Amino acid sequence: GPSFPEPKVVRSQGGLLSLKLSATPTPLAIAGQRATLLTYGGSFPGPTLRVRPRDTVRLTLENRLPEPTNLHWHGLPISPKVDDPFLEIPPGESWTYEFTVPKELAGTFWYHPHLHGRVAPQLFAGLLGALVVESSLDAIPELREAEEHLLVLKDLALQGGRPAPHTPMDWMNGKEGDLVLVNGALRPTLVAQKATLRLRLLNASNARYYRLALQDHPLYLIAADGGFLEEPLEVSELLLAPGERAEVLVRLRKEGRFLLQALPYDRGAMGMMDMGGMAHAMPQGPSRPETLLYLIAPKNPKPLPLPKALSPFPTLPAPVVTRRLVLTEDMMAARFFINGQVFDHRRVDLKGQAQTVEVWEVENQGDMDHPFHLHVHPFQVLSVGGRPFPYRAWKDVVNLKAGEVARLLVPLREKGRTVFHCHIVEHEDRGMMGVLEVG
């Protein structure tokens, strides 16, 4: 096959993407070993769905798991009566998700389970795939002529040919695995044929962070989670927290082999030590460095010029309310709170008005990083930690280090009940989620 493995793509046909996917235990070969994973469509990752604005998506999910499941269309600003976080599909039953792709939308999204209390084991076991909304901006020559690849960043641990079970410490920290994979492959080689690469990046891990750096090269950020930036932004590295997406241009500077690495990053995970008094919690410290892939540049690379502009970011109306959402932890209990409470699907926590804009100040009073996700209503990050964000783009996950406040501008779009939660999915399963009702 191609040197660089990527999920099989399913494209809409005549404006319609109509697909049946089964969620099923499936034996496959991964990373050189045989294992049984839980997959969509028989593969890990699941198939990439590729659509255009105004397409209809009709996706029938057949549940062939031994427990209930559902889908979250992560990042899509659609109705929460479709992207329904409270729906349960029982074992053996099916449900059809049908929606229209919004007109003003572009970027890399993804789909995965969202059945409260069971997300972390289901996502860890292999249930996820990407959704790409292609744009008329993809026709500008500086993007059209780039070589495009999707990179699904997802780690795994195997025991006895199956995904390793969650331990109590995994529920506290979020589970990370020793197999650090790209598109389900272990350290694949990308032999570039063009000097400019357009890489769509997805962190579909439960909890692992990827502090991305390409040896000898900057990255040019052109899209965040939910849409394009206004112009490319040069960065020396790019941190992708669980659930985040980014698109970058890589301008290969000379022939050679360059490693794409996940550099050391300390997200605040904890271990336990006994040194005579004790036992007491102790920081794990930064992750060990990982090589994600080997990038081989072509001969005599001459990259395209960067695009001067991408998409202007919308002018938003003045906001009508400011909200404050404080994140705290009880690590030894593995319980996680928003404003002092754990999720309860019967309780509405915030009530807002469709088509108004809100300012959300989300404050991490814990010691771990927490990547905060809001369904249905993409947001503009204004500042995090008191530092203004250096670009304007739609996001739907924002990472908070210990102590930091993020200030978000949140236009409320579709009416209905939806949720916001930490995207360390173990923390969501363990309570760090609340309910927003938009009317």
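For every residue, the number given is its place in the sequence shown, counted from 1.
K.L.:
Comparing 133-141 with 262-270, which has the greater mean CA B-factor as deposited?
P.N.:
Looking at the record's C-alpha B-factors, the answer is 133-141.
K.L.:
On average, which has the higher Cα B-factor in the deposited entry, 172-180 or 88-96?
P.N.:
So the stretch with the higher mean C-alpha B-factor is 88-96.
K.L.:
Per the entry, which of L186, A106, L316, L229 tops the list for Cα B factor?
P.N.:
Going by the entry's C-alpha B-factors, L316 comes out highest.
K.L.:
Which of these has the highest Cα B-factor in the record: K254, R245, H149, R208?
P.N.:
Reading the PDB entry, the winner on C-alpha B-factor is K254.
K.L.:
Is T36 in the lowest, middle or highest third of its chain when residues are ranked by C-alpha B-factor?
P.N.:
Answer is middle: the recorded C-alpha B-factor places it there.
K.L.:
Could you look up the Cα B-factor of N203 in the entry and say which third of the chain it sits in: lowest, middle or highest?
P.N.:
According to the entry, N203 has a C-alpha B-factor in the chain's lowest third.
K.L.:
Looking at the entry's B-factor column for C-alpha atoms only, identify whether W394 ranks in the lowest, middle or highest third of its chain.
P.N.:
Its C-alpha B-factor belongs to the lowest third of this chain's values.
K.L.:
Lowest, middle or highest third: where is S12 by Cα B-factor in its chain?
P.N.:
Middle third - that is where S12 ends up once the chain's C-alpha B-factors are sorted.
K.L.:
Considering only modelled residues of the same chain, in which third does the CA B-factor of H421 rank: lowest, middle or highest?
P.N.:
According to the entry, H421 has a C-alpha B-factor in the chain's lowest third.
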